[PDB]
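Given as structure tokens, the chain that follows is alone and in the form deposited in one PDB entry.
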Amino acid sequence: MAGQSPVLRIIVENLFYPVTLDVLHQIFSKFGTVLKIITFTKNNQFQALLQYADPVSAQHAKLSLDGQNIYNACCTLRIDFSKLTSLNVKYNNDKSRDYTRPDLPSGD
């Protein structure tokens, strides 16, 4: 029952400025260490997931950035606990980014 799974999923709303991982990382990397990260677009829906090192950093972080901005008053980012209690990160290229093991492939 003790899920204890630090995995938050960010969701940008209202396309405005071009974002990236280096940004989302340095962001969540403040409230806690970011083991891994991922980004994608579901039918034109920017979404970047990540995994913390401890649920404590994920709980506070979530609310610490829940419905907040990335610049001033645009690019609304929505954070929420993953569904699979984890993210699929086994490749290092551009769509994904693992800050735990750099000895991973680039997809192919």
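We number the residues from 1 along the sequence you see.
This next part talks about the form deposited with a partner chain bound, which is not shown.
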property	result
The partner chain contact at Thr41 in the bound PDB entry, heavy atom, 4.5 Å	no
In the bound PDB entry, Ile27 touching the partner chain (heavy atom, 4.5 Å)	yes
is_contact(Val23, the partner chain) in the bound PDB entry, heavy atom dist at most 4.5 Å	yes
Contact test in the bound PDB entry: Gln45 vs the partner chain, heavy atoms, 4.5 Å	no
